[PDB]
Amino acid sequence: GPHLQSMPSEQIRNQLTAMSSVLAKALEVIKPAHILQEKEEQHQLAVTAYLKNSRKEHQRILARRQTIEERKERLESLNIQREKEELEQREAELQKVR
Amino acid sequence: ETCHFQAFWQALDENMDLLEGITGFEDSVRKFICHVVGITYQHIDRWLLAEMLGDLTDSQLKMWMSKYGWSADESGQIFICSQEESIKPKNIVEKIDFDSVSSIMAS
Amino acid sequence: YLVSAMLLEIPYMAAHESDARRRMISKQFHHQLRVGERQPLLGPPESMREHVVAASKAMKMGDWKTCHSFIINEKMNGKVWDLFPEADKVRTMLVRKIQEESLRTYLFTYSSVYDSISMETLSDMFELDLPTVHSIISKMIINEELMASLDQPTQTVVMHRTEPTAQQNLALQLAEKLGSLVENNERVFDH
Amino acid sequence: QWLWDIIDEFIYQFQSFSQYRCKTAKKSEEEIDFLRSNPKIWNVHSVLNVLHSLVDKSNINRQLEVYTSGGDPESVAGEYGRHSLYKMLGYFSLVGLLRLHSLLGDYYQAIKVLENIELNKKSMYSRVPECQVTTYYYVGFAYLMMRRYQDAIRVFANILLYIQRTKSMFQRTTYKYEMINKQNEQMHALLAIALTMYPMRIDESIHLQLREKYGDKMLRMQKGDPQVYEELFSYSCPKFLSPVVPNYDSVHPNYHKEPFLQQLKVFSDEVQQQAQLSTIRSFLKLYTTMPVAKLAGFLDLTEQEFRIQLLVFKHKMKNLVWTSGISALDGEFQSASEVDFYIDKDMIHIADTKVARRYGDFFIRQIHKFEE
Amino acid sequence: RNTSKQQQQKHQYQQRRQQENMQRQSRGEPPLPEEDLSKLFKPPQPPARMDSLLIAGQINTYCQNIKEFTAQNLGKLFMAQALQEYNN
Amino acid sequence: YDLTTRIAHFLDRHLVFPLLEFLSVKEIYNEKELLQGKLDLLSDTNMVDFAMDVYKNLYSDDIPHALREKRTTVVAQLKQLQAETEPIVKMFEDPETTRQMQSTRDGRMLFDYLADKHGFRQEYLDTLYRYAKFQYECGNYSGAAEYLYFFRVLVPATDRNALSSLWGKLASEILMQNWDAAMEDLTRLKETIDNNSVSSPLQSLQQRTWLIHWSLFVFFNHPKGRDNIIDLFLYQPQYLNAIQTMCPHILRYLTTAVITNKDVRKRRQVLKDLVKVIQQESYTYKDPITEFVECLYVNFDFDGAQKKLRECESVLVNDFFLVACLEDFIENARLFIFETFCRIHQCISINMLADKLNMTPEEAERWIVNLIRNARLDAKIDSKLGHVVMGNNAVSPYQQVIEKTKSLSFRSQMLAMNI
């Protein structure tokens, strides 16, 4: 706990020079740059392309995951039914033995 | 072996013609004297280097002076080696073994 | 009884919590201090127990000052002082011991922080004299096995004994070392 | 009679097998191939090689150290017994190195050593720890003989460590387990005497049970007593040569102590002046460049009047253990104080400790195999 | 360590004393019992292998090795980056 | 101690032969002359050490005890009185007695030869009875007492006679300066008291004092005697419980015996169990020299220490007491403290050192260089100043455990791995 205004001088601790060199150099290539924004405008174009591929797949997932969703309420319930109902089958069967 | 070169040339008996009869033997031992001089002297006195080689004269010493490039210094020793060139320490410098140690600690 | 033990054990535990711990002994003044230590609610002491606890805390902090509180006031309360004509003597006996062992408790913590010491300061500050502070610091660095180098004519110590991370490292080194030692008993039982 | 009923029946069975060794290895592929197949262990085939290293050396050392004239033992074995087995084409397995390091062992007791060069060159096959620890055994001894004290002392460290990841298990150092302990202990103790104000590597090599006793030995040796010259040399001799069996001790036969005159007195000359080199270095080199105060302080310490202090001082700087210079005008002695290194142990341990984790994790997963 | 201590003492160190008491009996009295001889070993609670450390505790040995292996790694990265970055 | 519950009743009522008296009014240093007035009585009249005092500082107060001995030589005492110009008219009783002793002797001397001649026990034991009778009358008759106890020391009433006789002999033979014969009793008297009688304190503690006697003087290697006596009646600086007994030079000579002939490892055993005990608490109030020697030392004073240590050595050289190791103490009294002072030190001056002990700095230098030669300190000289430097702060003790804590477990897991 400090008791005073924050004025630390610079000190070097583990992952200082590591994560500084990651991000402090990154920022220089973000804020000014004539090389970045073109690349990102073409990353934008690969991002548009993926939503464009997506809206086609979404229209199929609108059919497919609809058929998954509704059936997953029935089938997966019926599966965990048989998980818990097995404890009855364990019990009344073993009673028949003795 | 104990490098008592002064005592070596005193110890010699000169009536044993077999020791004259080995060719280049008298110079070979002298070349081994000067060999160990270079390893463990930075300088040696003119009279001192003479005496180790069997009490050489001024002219006889000119060969041994010229042999390893040795030459006179002011008042009045024969140079043998530079002070930093003789010592050659390889002491404390390690703890730079990061690369191997991280290569084995990699996984 | 509780005061006799105090001067023995507060340097002892100061040493211990500077990671000299394996010598920590129960059913002793350690315990009798512990039961009084664990009061959430103590302000001024109004019991003789609490005056011992009070002077104990002062000894930990290493201020002479806190010793004098209980040695004067609780001994008037309490008339621990007032039953001896030799309380006059035993005052001086208590005082210089406190001043020496408080110096010692101070040193057990602070000696990482040091690079050197004006030994003259210690004499002035804990109200001791150089002949004794020589003999004290001399005895100390011999037998407490410190990594100080001690210039006695110049009245200087040069120490430089590290490390704060050592408190963790020596602790896991111990936690480690304890492994093999109990393990050999688990072996020797088994066979 | 029971003595030489056993001895003669070893050699005659080895001379038998020596012909089979030469016959199978070189040319008969199908006989080698037939031998690869039938048992579950090829360990039986390989053991018999270096089994007969140390057993034959025993039997020939007996015959050597009983017949000291009209020499039958040493030229028979040297010509036929050793060179026929080794010089010709190796068997295809570790047997090529086994017969090599059997020959290296045979070559070691004989004091003719200079082909340690080409024996290493013909160790083409990979250095398995089994073969490698026994290579460094002799190769370190070869460096000990070369007066390479600083090299040999490192080589003895690793082989005594017991984290060269040995596991043995099935009798490949059998009946001589503690010979590897005590010979590496002993031969390392001699090297420490010669040089040491450098290692600072003796911590790894020898454990503190022995470092304490051998530590005070070197000090007691060089400084104040020639007693340690005796007891060190007593233990050093059986380990320096390795004479596997000393013959039956009795006064009625002589026959045995006559070879031991040479064998011992050969090693007398070794430790003689090499020990007296030590005391010169023993006095710590307190001030690195010595003025008149310290140079005279050291010439008071070397020897007294008068006659011949300076001469003896300048004889001993030459050997190997000082590097220095004389100045005429100043009258000044300037010298070299060199030191080694602190921690080299930790970073070598970082893998060794992980082997304590590894074979920990592994051996219990072999028990977790069985009781599952 | 103190769990293993007490159990290994019931496993061996107690068997050591009671079997050396079984010595004294001479392992049989023909006319009548053998009460003492019978009433040697009467169960302490661990006869071997206290399980909840052996299973569930050991799942946390694994997790403690993981925490150590985790805390190490980012350290390893700095020990490359620090030296190297300053080396220029 | 356990004998001390019994010594508690008796309250110092021991059995000395001159009874209390020695030399009167004395002028010189007093803790010295303490031990002389002690052992005057405890040794049955000393002799030489009458005159050993009188050398340095004249007295005529040696003369009263110089009247009162007969077994050293009767007439030797009969002269020292005459020399002090004293009329002493009626000396008519020792000429009467010790004459008629010779008339008595001619029997025993005759019987003695004839018996050892024959090799006949009865004639020798009746002689031994007649002759052990005779020799305490006058033991001058010097060699006769040695002859008497050469063949047989077992007399009709063995131990009681033997004790007082071997003690009378150990006494008289040290007074005759026949230290070979005294060394014979060094074997036999100590064995007799180790074959203890009743073991009452008045016996035992006197006998324990008589062990301090043969070790006092010094013939051969009484430091062996030191190692033998310290392992008898064990580890006490007097051997005598109850604090009445005061013997300074038992501990000074022990300090000499430890350091001058052996390591000092080996001296902090002494610093605990002989320099702090109940008997020695009494002693620490008293003796100046032996106090300075250890209390200053163990407190790790250097300033007052090496000064008041060097001051002791003025009182040492005043010793005409029998010691014969007096100067090797003077040597080691400077050596021992120096090592310990410099042990944790930073930087001491050779010049400050040489001012103190009154030597030249060169001497102090080669002394220090020889203390480092002997490897009693790891240090190095700052030659320019003439200061000497110890500086080990030896950080990083981590690695000491790390090698072995795994090398133990690695080879100890092999055990459980076997079967």
# chains A, B, ... in the order shown; residues from 1 in each chain; ligands from 1
>>> closest_atom_pairs(of="chain A", to="chain E", cutoff="10 Å", atoms="only C-alpha atoms", output="Markdown table")
| residue | atom | partner | partner_atom | distance |
| --- | --- | --- | --- | --- |
| A:12 | CA | E:82 | CA | 9.4 |
| A:13 | CA | E:78 | CA | 9.3 |
| A:14 | CA | E:78 | CA | 6.1 |
| A:15 | CA | E:78 | CA | 5.3 |
| A:16 | CA | E:78 | CA | 8.1 |
| A:17 | CA | E:82 | CA | 6.1 |
| A:18 | CA | E:81 | CA | 5.5 |
| A:19 | CA | E:78 | CA | 9.0 |
| A:21 | CA | E:85 | CA | 8.4 |
>>> interface_residues(of="chain C", to="chain F", cutoff="10 Å", atoms="only C-alpha atoms", output="PyMOL selection string")
chain C and resi 131-132+134-139+141-142+145-154+156-163+166+169-170+173-174+176-181+183-184+187-188+190-191
>>> write_last_selection(atoms="C-alpha atoms", output="PDB file, in the first residue's frame")
ATOM      1  CA  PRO C 131      33.698  -1.091  24.909  1.00  0.00           C
ATOM      2  CA  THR C 132      30.490  -3.060  25.484  1.00  0.00           C
ATOM      3  CA  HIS C 134      32.440  -3.894  20.629  1.00  0.00           C
ATOM      4  CA  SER C 135      32.123  -6.985  22.864  1.00  0.00           C
ATOM      5  CA  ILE C 136      28.391  -7.375  21.956  1.00  0.00           C
ATOM      6  CA  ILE C 137      28.827  -7.089  18.171  1.00  0.00           C
ATOM      7  CA  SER C 138      31.997  -9.239  18.438  1.00  0.00           C
ATOM      8  CA  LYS C 139      30.154 -12.036  20.337  1.00  0.00           C
ATOM      9  CA  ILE C 141      29.040 -12.080  14.628  1.00  0.00           C
ATOM     10  CA  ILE C 142      31.049 -15.042  16.063  1.00  0.00           C
ATOM     11  CA  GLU C 145      27.151 -16.995  12.735  1.00  0.00           C
ATOM     12  CA  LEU C 146      26.506 -13.802  10.763  1.00  0.00           C
ATOM     13  CA  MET C 147      28.012 -12.828   7.431  1.00  0.00           C
ATOM     14  CA  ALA C 148      29.384  -9.566   8.719  1.00  0.00           C
ATOM     15  CA  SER C 149      32.984  -8.434   8.537  1.00  0.00           C
ATOM     16  CA  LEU C 150      33.709  -6.346  11.611  1.00  0.00           C
ATOM     17  CA  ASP C 151      36.303  -3.547  11.780  1.00  0.00           C
ATOM     18  CA  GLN C 152      36.702  -3.027  15.517  1.00  0.00           C
ATOM     19  CA  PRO C 153      39.419  -0.242  15.544  1.00  0.00           C
ATOM     20  CA  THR C 154      37.607   1.776  12.844  1.00  0.00           C
ATOM     21  CA  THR C 156      32.602  -0.019  11.227  1.00  0.00           C
ATOM     22  CA  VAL C 157      30.826  -3.157  10.014  1.00  0.00           C
ATOM     23  CA  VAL C 158      30.709  -4.183   6.320  1.00  0.00           C
ATOM     24  CA  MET C 159      28.097  -6.802   5.730  1.00  0.00           C
ATOM     25  CA  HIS C 160      26.204  -6.901   2.405  1.00  0.00           C
ATOM     26  CA  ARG C 161      24.367 -10.109   3.237  1.00  0.00           C
ATOM     27  CA  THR C 162      21.541 -10.885   0.817  1.00  0.00           C
ATOM     28  CA  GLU C 163      18.744 -11.807  -0.247  1.00  0.00           C
ATOM     29  CA  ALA C 166      16.035 -16.052   0.240  1.00  0.00           C
ATOM     30  CA  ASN C 169      14.109 -19.934  -1.337  1.00  0.00           C
ATOM     31  CA  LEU C 170      15.555 -21.227   1.956  1.00  0.00           C
ATOM     32  CA  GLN C 173      14.898 -25.540   0.259  1.00  0.00           C
ATOM     33  CA  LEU C 174      13.829 -26.647   3.744  1.00  0.00           C
ATOM     34  CA  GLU C 176      12.498 -29.899  -0.045  1.00  0.00           C
ATOM     35  CA  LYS C 177      15.198 -31.047   2.452  1.00  0.00           C
ATOM     36  CA  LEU C 178      12.531 -32.215   4.949  1.00  0.00           C
ATOM     37  CA  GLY C 179      11.377 -34.601   2.203  1.00  0.00           C
ATOM     38  CA  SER C 180      14.411 -36.884   2.106  1.00  0.00           C
ATOM     39  CA  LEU C 181      14.894 -36.896   5.892  1.00  0.00           C
ATOM     40  CA  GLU C 183      11.573 -40.375   3.884  1.00  0.00           C
ATOM     41  CA  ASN C 184      14.610 -42.263   5.278  1.00  0.00           C
ATOM     42  CA  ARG C 187      12.442 -46.494   4.488  1.00  0.00           C
ATOM     43  CA  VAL C 188      13.995 -47.696   7.760  1.00  0.00           C
ATOM     44  CA  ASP C 190       9.630 -50.466   5.957  1.00  0.00           C
ATOM     45  CA  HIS C 191      12.790 -52.608   6.145  1.00  0.00           C
TER      46      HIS C 191
END
>>> interface_residues(of="chain B", to="chain E", cutoff="10 Å", atoms="only C-alpha atoms", output="PyMOL selection string")
chain B and resi 96+98-99+101-102+105-107
>>> write_last_selection(atoms="N, CA and C atoms", output="compact mmCIF listing (two decimals), in the first residue's frame")
# COMPACT_ATOMS: atom_id res chain seq x y z
N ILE B 96 27.01 -17.87 -18.39
CA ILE B 96 26.50 -17.46 -19.68
C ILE B 96 25.91 -18.66 -20.39
N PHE B 98 23.05 -19.94 -20.65
CA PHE B 98 21.61 -19.78 -20.71
C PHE B 98 21.02 -20.64 -21.79
N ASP B 99 21.67 -20.67 -22.98
CA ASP B 99 21.08 -21.19 -24.20
C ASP B 99 20.80 -22.66 -24.11
N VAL B 101 20.78 -24.51 -21.25
CA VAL B 101 19.94 -24.75 -20.10
C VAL B 101 18.47 -24.49 -20.39
N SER B 102 18.15 -23.51 -21.26
CA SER B 102 16.79 -23.25 -21.68
C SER B 102 16.34 -24.19 -22.77
N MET B 105 15.43 -27.19 -20.68
CA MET B 105 14.24 -26.83 -19.93
C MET B 105 13.10 -26.39 -20.83
N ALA B 106 13.22 -26.52 -22.17
CA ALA B 106 12.22 -26.08 -23.12
C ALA B 106 10.87 -26.73 -22.91
N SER B 107 10.85 -28.05 -22.64
CA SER B 107 9.65 -28.79 -22.33
C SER B 107 9.93 -29.69 -21.12
>>> select_by_dssp(residues="chain C", states="strand (DSSP E or B)", output="PyMOL selection string")
chain C and resi 116-118+149-151+156-158
>>> residues_around(residues="stretch 72-80 of chain B", least_positions_apart="6", cutoff="12 Å", atoms="only C-alpha atoms", output="PyMOL selection string")
(chain B and resi 34-50+61-62+64-66+86) or (chain D and resi 324-331)
>>> closest_residue(among="D:188, D:321, D:177, D:165", to="chain F", atoms="only C-alpha atoms")
D:165
>>> select_by_dssp(residues="stretch 122-319 of chain D", states="alpha helix (DSSP H)", output="ChimeraX atom specification")
/D:129-145,149-158,179-195,202-205,208-219,228-240,257-276,278-282,292-302,309-316
>>> interface_residues(of="chain C", to="chain E", cutoff="7 Å", atoms="only C-alpha atoms", output="number ranges by chain")
C: 182, 186, 189-190
>>> write_last_selection(atoms="N, CA, C and O atoms", output="PDB file, in the first residue's frame")
ATOM      1  N   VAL C 182      12.579 -37.330   6.559  1.00  0.00           N
ATOM      2  CA  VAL C 182      11.457 -38.140   6.989  1.00  0.00           C
ATOM      3  C   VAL C 182      11.341 -39.393   6.158  1.00  0.00           C
ATOM      4  O   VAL C 182      11.021 -40.458   6.680  1.00  0.00           O
ATOM      5  N   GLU C 186      10.721 -43.516   6.798  1.00  0.00           N
ATOM      6  CA  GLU C 186       9.736 -44.313   6.094  1.00  0.00           C
ATOM      7  C   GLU C 186      10.329 -45.520   5.401  1.00  0.00           C
ATOM      8  O   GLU C 186       9.644 -46.524   5.215  1.00  0.00           O
ATOM      9  N   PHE C 189      11.693 -47.811   8.728  1.00  0.00           N
ATOM     10  CA  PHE C 189      10.515 -48.542   9.178  1.00  0.00           C
ATOM     11  C   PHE C 189      10.198 -49.737   8.303  1.00  0.00           C
ATOM     12  O   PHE C 189      10.207 -50.864   8.791  1.00  0.00           O
ATOM     13  N   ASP C 190       9.998 -49.496   6.978  1.00  0.00           N
ATOM     14  CA  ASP C 190       9.630 -50.466   5.957  1.00  0.00           C
ATOM     15  C   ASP C 190      10.505 -51.702   5.901  1.00  0.00           C
ATOM     16  O   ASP C 190      10.032 -52.779   5.542  1.00  0.00           O
TER      17      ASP C 190
END
>>> residues_around(residues="residue D:167", least_positions_apart="3", cutoff="12 Å", atoms="only C-alpha atoms", output="ChimeraX atom specification")
/D:129-130,162-164,170-173,355,359,363 /F:410-411,414,417-418
>>> atom_distance(atom1="atom CA of residue D:138", atom2="atom CA of residue D:116")
9.2 Å
>>> atom_distance(atom1="atom CA of residue F:126", atom2="atom CA of residue F:145")
16.1 Å
>>> residues_around(residues="stretch 214-230 of chain D", least_positions_apart="6", cutoff="8 Å", atoms="only C-alpha atoms", output="list in words")
residues 189, 192, 193, 275, 276, 278, 279 and 282 of chain D
>>> closest_residue(among="E:65, E:45, E:15, E:21", to="chain D", atoms="only C-alpha atoms")
E:65
>>> residues_around(residues="stretch 173-182 of chain F", least_positions_apart="4", cutoff="10 Å", atoms="only C-alpha atoms", output="ChimeraX atom specification")
/F:43-49,71-73,139-140,142-143,145-146,166-169,186-189,213-214,217-220
>>> closest_residue(among="F:362, F:339, F:331, F:403", to="residue F:374", atoms="only C-alpha atoms")
F:339
